[PDB]
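[1] Before I ask anything, here's the sequence and the deposited coordinates:
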Amino acid sequence: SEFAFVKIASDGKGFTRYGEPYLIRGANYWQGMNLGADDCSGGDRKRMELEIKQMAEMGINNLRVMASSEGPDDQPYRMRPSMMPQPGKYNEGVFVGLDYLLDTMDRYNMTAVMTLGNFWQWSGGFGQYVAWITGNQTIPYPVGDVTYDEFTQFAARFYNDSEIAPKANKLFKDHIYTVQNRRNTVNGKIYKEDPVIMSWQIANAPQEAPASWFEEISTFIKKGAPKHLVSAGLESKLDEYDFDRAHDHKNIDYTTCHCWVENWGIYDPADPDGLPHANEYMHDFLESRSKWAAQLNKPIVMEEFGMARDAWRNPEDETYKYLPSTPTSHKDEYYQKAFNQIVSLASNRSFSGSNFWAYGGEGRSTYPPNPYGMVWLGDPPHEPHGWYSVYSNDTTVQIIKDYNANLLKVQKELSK
Ligand SMILES: OC[C@H]1O[C@@H](O[C@H]2[C@H](O)[C@H](O)[C@@H](O)O[C@@H]2CO)[C@@H](O)[C@@H](O)[C@@H]1O
């Protein structure tokens, strides 16, 4: 009956679906729900339908999408219009967008990773929940003087403050319940009975949350939808100790890592010699995290990674860095080498696939905002438009297409 839900294999070294091994030929597409909405709510459904076609044609079987976003709608640095402008109150025009995303995905035989919250500010996230509870809407956004560490310590109260946390979490739960139980208006299916969803993911990139928190949340989610896998969203950017705190629990079915060389100060795109130090880092990152996954006997996916355009061709001009016309040779080699390393590890069942960050499609950073002020592409509005996006005609597209073909070949070999 349940032939079609993605499962863990019984040895615990990869995924199964339709009784066969299942490898992740993935991409991130967090802007999907918003592009799926009607024109009245700032959507562009004909564009969404086309962007999914482009992805199927390049060999993609899995999308990691965003399934939350918090008002109020008068805030900078976030998706607008919001999905849930106030607690328990929903924008139905935006919800319908998500219905459509999951229906298209279906017609293209793709599966979805459903992200239910955000630690960062671009969909409201944990910072907004805290604001709602303290009644103080002045979130310390990290611009000007406010540093990242200062904003981080503010949002972390969602689970580290003994008075805030219980309240915050109650409202957080209300949302999960609502989504798990949504009836798809386009095709009738209840979300929790839908084999198109691969898994429910707690949140994007929790920052040093305690183990007990992971323990209770995973259990809650699993009980809400017993047919589905359950995932954590961790970057795994620290040590093995950090890795275990998040992943070692009955109801965390598999593991994740996100890799960001520029953001962490490893790689500098304006430096023409900068590339090989980043390649080494990528290399060691994949093997160390592999061991950690093995130690717990669970599968692993690199659900996030990316790189800038060739800024070093004109280092003294900041804007040159974001033009679509600027080439991506550093980025193309960096991708290629990591794909080749993953193919070889999955040959030996020590790695399950990946999702690059992120697909831009038809969007371009030179286009004007829509009426809600959104320039829709792969880069969230806390970040310069066009930073990391892969456009429909970039040269990196061939590279992604080839990697997907190589990894399907590996999947067939392990089915013998
Ligand atoms: O930057 C691309 C994506 O990076 C991840 O999170 C970043 C975050 O934006 C912070 O700027 C930085 O300190 O590092 C974080 C994790 O390494 C993504 O999950 C998204 O936030 C970004 O679009």
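    Nice, thanks for sending it over. Residues are numbered from 1 along each chain as shown.

[2] For the residue lying closest to residue 127 once chain neighbours are set aside, grab phi and psi.
    Nearest residue to residue 127 in three dimensions, chain neighbours excluded: residue 155, at 4.4 Å (Cβ to Cβ, 6 or more residues apart in numbering). To be clear about C-beta, it is placed using only N, CA and C from the backbone, and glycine gets the same treatment. Residue 155 adopts backbone torsions of phi -60, psi -40, taken as degrees, to the nearest 10.

[3] Residue 155 - how many residues pack around it?
    By other Cβ atoms under 10 Å, the residues close to residue 155 number 24.

[4] Quick one: residues contacting it.
    Contacts for residue 155 (Cβ atoms under 8 Å, 6 or more residues apart in numbering) come out as 119, 125, 126, 127, 130, 207.

[5] Could you do residue 53 as well?
    residue 108.

[6] Dihedrals phi and psi, it?
    phi -50, psi -60.

[7] Equivalent analysis for residue 154, please.
    Here is the backbone geometry of residue 154 (degrees, to the nearest 10): phi -70, psi -50.

[8] That one against residue 130, yeah?
    Yes. Between residue 154 and residue 130 there is a contact under Cβ atoms under 8 Å: 6.8 Å.

[9] quick one, which of these two is more surrounded?
    Using other Cβ under 10 Å as the criterion, residue 154 and residue 130 rank with residue 130 on top: 21 against 18.

[10] Can you say which helix or strand has the more buried one in it?
    Per DSSP states H and E, residue 130 falls inside helix 125-134.

[11] For the spatially closest residue to residue 240 that is not a sequence neighbour, grab the count of nearby residues.
    Spatial nearest neighbour of residue 240, excluding adjacent residues (Cβ to Cβ, 6+ apart): residue 292 at 5.5 Å. Residue 292 has 19 neighbours, counted by other Cβ under 10 Å.

[12] which one of the contacts of residue 155 is nearest residue 193?
    In terms of Cβ to Cβ, no member of the contacts of residue 155 lies closer to residue 193 than residue 125, at 28.1 Å.

[13] Which residues are in contact with the closest one?
    Applying Cβ under 8 Å, 6+ apart, we find residue 125 in contact with 70, 117, 118, 119, 155, 203, 204.

[14] Give me the secondary structure label for residue 93.
    Put simply, residue 93 is helix when judged by DSSP: H, G, I helix; E, B strand; the rest coil.

[15] Quick check, it in contact with residue 38.
    Yes. With contact defined as Cβ under 8 Å, residue 93 counts as touching residue 38 (5.8 Å).

[16] And the nearest residue to residue 124 once chain neighbours are set aside, how far from residue 221?
    Nearest non-adjacent residue to residue 124, counting by Cβ to Cβ, 6+ apart: residue 70, 2.9 Å away. For residue 70, the distance to residue 221 equals 19 Å [Cβ to Cβ, to the nearest Å].

[17] Also residue 113?
    Taking Cβ to Cβ, one finds residue 113 at 13 Å from residue 221.

[18] same thing with residue 362?
    Distance from residue 362 to residue 221, by Cβ to Cβ: 34 Å.

[19] When the two are compared, which one has more neighbours?
    Neighbours were counted for residue 362 and for residue 221 using other Cβ under 10 Å; residue 221 has more, 22 against 17.

[20] Just the element for the more buried one, please.
    helix 211-224.

[21] Need the contact partners of that helix.
    With contact meaning Cβ under 8 Å, 6+ apart, helix 211-224 is reached by 116, 159, 173, 176-177, 180, 192, 200, 202, 228, 230, 232, 245-246, 248-252.

[22] Give me every residue in the stretch 301-416 of the chain lying close to the ligand.
    Neighbours of the ligand within the stretch 301-416 of the chain, by Cβ under 6 Å from any ligand atom: 304, 357, 380, 383, 388.

[23] now check the longest helix belonging to the chain, is it near the ligand?
    For the chain, the longest helix by residue count, based on DSSP state H, is helix 275-295. No. Under the criterion of Cβ under 6 Å from any ligand atom, the ligand is not reached by helix 275-295; the shortest gap measures 12.5 Å.

[24] what sits up against the helix or strand following that helix?
    Scanning forward in sequence from helix 275-295 by DSSP H and E, the next helix or strand is strand 300-305. The contact list for strand 300-305, computed with Cβ under 8 Å, 6+ apart, reads 24, 26, 28, 64, 113, 235, 254-260, 286, 289-290, 292-293, 338, 342, 351-357.
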